[PDB]
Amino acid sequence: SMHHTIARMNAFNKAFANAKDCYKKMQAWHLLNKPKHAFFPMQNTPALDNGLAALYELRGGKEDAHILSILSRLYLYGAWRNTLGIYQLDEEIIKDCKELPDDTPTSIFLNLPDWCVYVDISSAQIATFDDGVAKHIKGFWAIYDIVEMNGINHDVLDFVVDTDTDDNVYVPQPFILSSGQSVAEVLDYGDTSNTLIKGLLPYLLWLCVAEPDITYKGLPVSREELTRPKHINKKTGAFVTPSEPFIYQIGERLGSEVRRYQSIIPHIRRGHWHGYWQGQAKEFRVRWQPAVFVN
């Protein structure tokens, strides 16, 4: 079957007929500017379509839900349509991804493989509120952004929640990274959004660490393999985009190992992230600590 994300993206592309032209504009901007991490800034989305810019210029247009939905979606799909990476977390790893080492640097989240990735965490049974209603979080997109605040561009990681519903709120939730501070400092000093983000970072960390457990159709994908540069027509400048999503498993091998322990039935000590230091010119390391089997 077609993934519900792809079906909703296609339906949006039909219902907003200018979407493909907007994606073409975004590509042009990216080729012009060549940003270090993002594909196209959320800030520039109003400029992409003149009718949307006009409606957005009306009083209350900057707080309209439908218009921000379309703009957020243009930003999201414009970055994501170039790779269509879907990463499904193994349930045994879901139940063990709970937190990050509190001293974790924001810089580590600059290590994502693409401009935008989709992460499937449905087994985590996390919910949220598109206000007025509680909904199951099927997954989320992580997508880079460039935000100019008081004269300076800032590296931001935006999170877009996917509840697989018609009225899904696609508005991104930002998480600043352009500082030498830690996750706790950005998140915990400076909140609904922050709480949500703080829950999603342990899952996203798999696409940032040096030693992940990523497989494609059962074959291991190394970190070098994941980062291996993709090949934009060099004589035409056009973008080539996938016709189907690329669906990976994260932590399947690990899960498989855990599933063997449970089959035996004397106890399992679950895995977790583990992080530490490396006085001056210090460094960070985070590695997964696998579940171990005792007695």
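For every residue, the number given is its place in the sequence shown, counted from 1.
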What lies unmodelled of the deposited sequence between residue 190 and residue 191 amounts to 4 to 9
According to the PDB record, deposited residues with no modelled atoms between residue 10 and residue 11 number none
Quick note on 99-107 and 121-129: per-entry mean CA temperature factor is higher in 99-107
Averaging the C-alpha temperature factors as deposited, the higher value of 241-249 versus 28-36 falls on 28-36
For 287, 282, 20, 14, the deposited C-alpha B-factor is largest at 282
In this crystal structure's PDB entry, the residue among 83, 173, 181, 168 with the greatest CA B factor is 181
So, residue 2's CA B-factor, relative to its chain, sits in which third? The middle
Residue 45: C-alpha B-factor third of its chain, per the entry, is the lowest
Chain thirds by Cα B factor, record data; residue 202 belongs to the middle
By the entry's values, the third containing the CA B factor of residue 58 is the highest
Among the modelled residues of its chain, the C-alpha B-factor of residue 254 falls in the third labelled lowest
